[PDB]
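S.K.: Opening with a subset of the complex:
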Amino acid sequence: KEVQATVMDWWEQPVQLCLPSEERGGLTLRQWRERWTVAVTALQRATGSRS
């Protein structure tokens, strides 16, 4: 069960959410991940890529 939890922590990487009020370039890490997620989904739509 401990090994399965270590595999979960490697797969989720929860530390990235520990500082929500830090801003770099006038945006929070969450807003940067949202910009990334929107840009990745726009690029997957444009590439006609049947995922």
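M.R.: Perfect, thanks for sending it. Numbering: from 1, shown residues only, chains lettered A, B, ... in the order given.

S.K.: and stretch A:23-42, how far out from the chain's middle?
M.R.: Per C-alpha atoms, centre = their mean, to the nearest Å, the displacement of stretch A:23-42 from the mean C-alpha position of its chain is 9 Å.

S.K.: Touching it from outside, list them.
M.R.: A:16-17, A:19-22 (C-beta atoms under 8 Å, 6 or more residues apart in numbering). For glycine as for every other residue, the C-beta is placed from the backbone atoms N, C-alpha and C.

S.K.: Go ahead and flag the most central residue of chain A.
M.R.: The residue lying closest to the centre of chain A (C-alpha atoms, centre = their mean) is residue A:33, at 5.0 Å.

S.K.: Looking at chain A, which helix is longest?
M.R.: helix A:29-46 (DSSP state H).

S.K.: also put chain B on there:
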Amino acid sequence: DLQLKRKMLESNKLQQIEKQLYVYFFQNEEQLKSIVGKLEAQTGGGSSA
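M.R.: Okay, chain B now, added to the rest:
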């Protein structure tokens, strides 16, 4: 489970970069701006055709 998750990371380079975004946020703000901005510029160039 471990063999499945490793094959996902080897096949999807965009997911591998997503997992590094927080490293760039704390170490190199210009590189964060450049990586996200290159992905956004590759999506926006479609109005001069």
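
S.K.: try the contacts of stretch A:23-42 again now we have chain B.
M.R.: Identification of contacts with stretch A:23-42 by C-beta atoms under 8 Å, 6 or more residues apart in numbering or on different chains yields A:16-17, A:19-22, B:14, B:18, B:21-22, B:25-26, B:29, B:32-33, B:36, B:39-40, B:43.

S.K.: try 10 Å this time
M.R.: Contacts to stretch A:23-42, defined as C-beta atoms under 10 Å, 6 or more residues apart in numbering or on different chains, come from residues A:16-22, B:14-15, B:17-18, B:21-22, B:24-26, B:28-30, B:32-33, B:35-44.

S.K.: And stretch B:3-17, by the same measure?
M.R.: With C-beta under 10 Å, 6+ apart as the test, stretch B:3-17 has contacts from A:7-8, A:10-11, A:36, A:39-40, A:43-44, A:51, B:18-19, B:24, B:35-36, B:39.

S.K.: and what of stretch B:22-37?
M.R.: By C-beta under 10 Å, 6+ apart, stretch B:22-37 touches A:13, A:15-19, A:22-25, A:27-29, A:32-33, A:35-36, A:39, B:17, B:20-21.

S.K.: include chain C too:
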Amino acid sequence: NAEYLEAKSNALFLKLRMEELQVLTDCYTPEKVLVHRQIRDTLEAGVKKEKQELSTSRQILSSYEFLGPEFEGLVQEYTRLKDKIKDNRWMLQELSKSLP
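M.R.: Take a look at chain C, now in place beside the chains above:
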């Protein structure tokens, strides 16, 4: 039969421990360990600052709590009076905006 079952138990456990350690090396690269250190130091500085604001706020509170229940009734009466004066001053400010 006893020796064979012992050897199979040990081999299964060592395989499990090996895969765990390989996931931990894949997790904690030198660049990420540096970022985790910056995050730790920012969090520890936050925890230390808040423990100090909490302690100072509790000491000033205990100095007023020593003045007894009759003082706490007088504080409630003054707070209720100061709120009414603030409401009446706000009403006067809105009328004078309406002349050209």
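
S.K.: and the contacts of stretch B:3-17, now that chain C is in?
M.R.: A:7-8, A:10-11, A:36, A:39-40, A:43-44, A:51, B:18-19, B:24, B:35-36, B:39, C:19, C:22-23, C:26.

S.K.: Can you flag the buried ones in these?
M.R.: For the contacts of stretch B:3-17, a burial check counting by 16 or more other C-beta atoms under 10 Å in any protein chain shown picks out A:7, A:10, A:36, A:39-40, B:24, B:35-36, B:39, C:23.

S.K.: mind giving me TSV with those and columns for distance to residue C:78?
M.R.: As requested, the buried ones among the contacts of stretch B:3-17 are exported to TSV (distance: C-beta to C-beta, whole Å):
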residue	distance to residue C:78
A:7	61
A:10	59
A:36	54
A:39	57
A:40	59
B:24	55
B:35	58
B:36	55
B:39	60
C:23	62
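
S.K.: Among these, which ones are in strands?
M.R.: Among the buried ones among the contacts of stretch B:3-17, DSSP state E puts none in strands.
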